[PDB]
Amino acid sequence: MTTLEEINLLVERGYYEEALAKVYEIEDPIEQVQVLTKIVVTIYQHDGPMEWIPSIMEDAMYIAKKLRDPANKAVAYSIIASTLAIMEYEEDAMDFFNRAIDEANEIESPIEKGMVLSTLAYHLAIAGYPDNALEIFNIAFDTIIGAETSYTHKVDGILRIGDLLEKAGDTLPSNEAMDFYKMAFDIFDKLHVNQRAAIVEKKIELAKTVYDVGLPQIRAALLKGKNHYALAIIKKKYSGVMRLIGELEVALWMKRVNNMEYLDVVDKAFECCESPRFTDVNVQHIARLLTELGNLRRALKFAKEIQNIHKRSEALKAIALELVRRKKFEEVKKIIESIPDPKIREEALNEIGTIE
């Protein structure tokens, strides 16, 4: 721990050769590989001396080659694999992932095998290979669940897959993160860790609500309630239509965690800029967002501009139902008459027969 501090400091001072010389004062090999690869990654990312990278990866590769114990080797190869994948050496990454797999299949304990697989799956996700990651997480899971030990030994192994599924999810954008979160929740639900199930359930509503702009650092900020920070990222990374939708999705999430400042974000999302140019799908999307937000005035403006006759029918109904719940009937009838699909117009006319 102080050794890691000395190594970091030597790096900050650009004394790379000495830092690497100290890496051997680290006891654990896997830890040596972690350190070595984290140096490479920060160099690659913060434009440090790129010509150190090959020599360091060689050192890491050498440490992994000497390992002997199948589990350790598998993790080491995984660490090497995801860092190559970060740096876009895809053929080499998949080579090391396959080495990791082979070593995993040498493990005797199925619970041990399962554990190693989920780590490797986690590295596949870090690497930007979400589909491969899932496949491996599922094999990891099948490996533990199929084993012939007693209930209790399987339990801790499977909860650890849960934790890793969840962390993989957290590092992914919403569309990719969703499958990881569902598996984790499933695991936490069946295995009776309710505190953990609740958090993941919440990360799913969040990923679902803030979807298009659901960058992992944005979802992370929203979950902490650092709303202005996330909004800030959205202004930096998006403009026009995507910036509008993103701000609305954020307002919607704020609304659902009972933060009443969401009203402000909505007004600003329209009042900040000129109305961009919209595709019909953008129109539909904004109409739905504004409805769930409760801004039925704006939501109606958008719904009436939906060109797809069926989508328009749907959006007009939703708005009208919400009107009913919240009184304000003086516009309901006209809106229903407006629905182009008479079938739908009838369904809305029955649902308004809520006895409530």
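From 1 onward, residues are counted along the sequence shown.
Higher mean CA temperature factor between 84-92 and 182-190: 84-92, per the PDB entry. Between 253-261 and 146-154, it is 146-154 that carries the larger average Cα temperature factor according to the deposited entry. Out of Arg277, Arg196, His123, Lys208, it is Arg277 whose C-alpha atom has the highest B-factor in the PDB entry.
In the deposited entry, the Cα temperature factor of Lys236 sits in the top third of values across the chain's modelled residues. When all modelled residues of the chain are sorted by CA temperature factor, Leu223 is found within the lowest third. Sorting the modelled residues of the chain by their CA temperature factor places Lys66 in the middle third.
In the deposited entry, the Cα temperature factor of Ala303 places it in the middle third of its chain's modelled residues. When all modelled residues of the chain are sorted by CA temperature factor, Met57 is found within the middle third.
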